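**Student:** just to be clear, this is only the beginning of the complex, oriented as in the whole thing:
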Amino acid sequence: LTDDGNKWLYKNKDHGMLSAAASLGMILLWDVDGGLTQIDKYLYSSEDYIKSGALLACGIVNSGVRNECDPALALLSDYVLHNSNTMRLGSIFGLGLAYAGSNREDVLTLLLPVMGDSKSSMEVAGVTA
C-alpha cells in the first residue's frame, strides 16, 4: 500500500477504493508526520471518490493521539462540506476517529451543521451521528 498503491487500488470499484485508501492511514498510526507524509500519493485520485479513503486515513492517523496543531480538523474541515456524498463519508468518519473522546467544542460544533445539512445523504448522516 506504500509503493504501487495507485496500481493496487485501481482494481477496487468505488467502495473498494475507500477501504484501501483508509488502510493507508491505519498502516501508519500514531505518526501525524510519517503517516501524513505516507498520506501524499492517493486521496487526490483521478477517482477523487477515494478522497473519503484518505480522509479516513487522515482521521485514523490522528485517532488514539492528540497533536497540538490540530491536523484532523484542518484537512478534514475543507471537505466535510464537500458536496460529493462519498467525499464527506471519509471526512466525518475519519474526524471522529481522530478526536474520539476529545469532546472538543470546535470539532463538535463543526460537526453540528453536518447533522442539519439536509443535502447530506443518509449514509453521510449515519456516520455523522
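**Tutor:** Structure's in. What do you need? Residues are numbered from 1 along each chain as shown, chains lettered A, B, ... in the order given.
**Student:** nearest the middle, which residue of chain A would you pick?
**Tutor:** Nearest to the mean C-alpha position of chain A, by C-alpha atoms, centre = their mean, lies residue A:55 at 1.8 Å.
**Student:** which ones are touching that residue?
**Tutor:** Going by C-beta atoms under 8 Å, 6 or more residues apart in numbering, residue A:55 touches A:43, A:75-76, A:79, A:87, A:89-91, A:93-94. Heads up, the C-betas are built off the backbone N, CA and C, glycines and all.
**Student:** what strand or helix carries it?
**Tutor:** helix A:51-62 (DSSP states H and E).
**Student:** any idea how far residue A:85 is from the residue nearest to residue A:44 when sequence neighbours are not counted?
**Tutor:** Among residues not flanking residue A:44 along the chain, residue A:51 sits closest, at 7.4 Å (C-beta to C-beta, 6 or more residues apart in numbering). Applying C-beta to C-beta, to the nearest Å, one obtains 11 Å for the distance of residue A:51 from residue A:85.
**Student:** got JSON lines for the contacts of residue A:55, with secondary structure and neighbour count too?
**Tutor:** Compiled in JSON lines, the contacts of residue A:55 are given as follows (DSSP: H, G, I helix; E, B strand; the rest coil; neighbours: other C-beta atoms under 10 Å):
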{"residue": "A:43", "secondary structure": "coil", "neighbour count": "21"}
{"residue": "A:75", "secondary structure": "helix", "neighbour count": "22"}
{"residue": "A:76", "secondary structure": "helix", "neighbour count": "27"}
{"residue": "A:79", "secondary structure": "helix", "neighbour count": "21"}
{"residue": "A:87", "secondary structure": "helix", "neighbour count": "19"}
{"residue": "A:89", "secondary structure": "helix", "neighbour count": "26"}
{"residue": "A:90", "secondary structure": "helix", "neighbour count": "31"}
{"residue": "A:91", "secondary structure": "helix", "neighbour count": "30"}
{"residue": "A:93", "secondary structure": "helix", "neighbour count": "22"}
{"residue": "A:94", "secondary structure": "helix", "neighbour count": "30"}
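**Student:** next up, chain B:
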Amino acid sequence: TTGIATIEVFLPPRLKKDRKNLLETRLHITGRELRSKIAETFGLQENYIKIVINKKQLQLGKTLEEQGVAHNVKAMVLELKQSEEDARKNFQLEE
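**Tutor:** Adding chain B to what we have so far:
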C-alpha cells in the same frame, strides 16, 4: 507587542533536529514569501515544507497577516516530501 508574535511551529521526526524546530521569521511578506521565510530562517526548502498553522493550514497565496496564518500561530510542519504547495501536490497527492 509591536504587532508581532512568536510562531510555535512543529517540524517532523525524519528531518533529524530538535524535533520541534521552531520557524522564526517575519509575518508581513506573502505566503509565497512564507514558505520562502518558513524555509529560509531555520533551513527548509521554500518548496519542500507545508505549515499546518494553528489548527489551520498555510494559505501561501496570501501573506502571513492575511492567509489565516499570523503571529504566534503554531503549526505542525509535516515532513511533506515535497513543498507545502508541492505536498499540496505531494501530501495532497493523497490530500
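**Student:** please look at the nearest residue to residue A:44 again, because chain B has been put in.
**Tutor:** Nearest in space to residue A:44, with sequence neighbours left out and distances taken as C-beta to C-beta, 6 or more residues apart in numbering or on different chains, is residue B:92 at 5.2 Å.
**Student:** ok, residue A:30 next?
**Tutor:** Distance criterion C-beta to C-beta, 6+ apart; nearest residue to residue A:30, sequence neighbours excluded, is residue A:65 at 5.3 Å.
**Student:** please apply the same query to residue B:21.
**Tutor:** Using C-beta to C-beta, 6+ apart, the closest residue to residue B:21 is residue B:11 (4.2 Å).
**Student:** what about the nearest residue to residue B:67 once chain neighbours are set aside, which SS state?
**Tutor:** Once flanking residues are discounted, residue B:67 sits nearest to residue B:59: 3.6 Å by C-beta to C-beta, 6+ apart. Secondary structure assignment for residue B:59 (DSSP: H, G, I helix; E, B strand; the rest coil): coil.
**Student:** what is the burial count for the residue nearest to residue B:21?
**Tutor:** For residue B:11, the neighbour count with other C-beta atoms under 10 Å in any protein chain shown is 23.
**Student:** got it, and residue B:72?
**Tutor:** Residue B:72: 11 surrounding residues under other C-beta under 10 Å.
**Student:** cool, residue A:3 as well?
**Tutor:** For residue A:3, using other C-beta under 10 Å, the count is 8.
**Student:** so it versus residue A:24, what's the distance?
**Tutor:** 12 Å.
**Student:** equivalent analysis for residue A:35, please.
**Tutor:** Distance, residue A:35 to residue A:24, using C-beta to C-beta: 8 Å.
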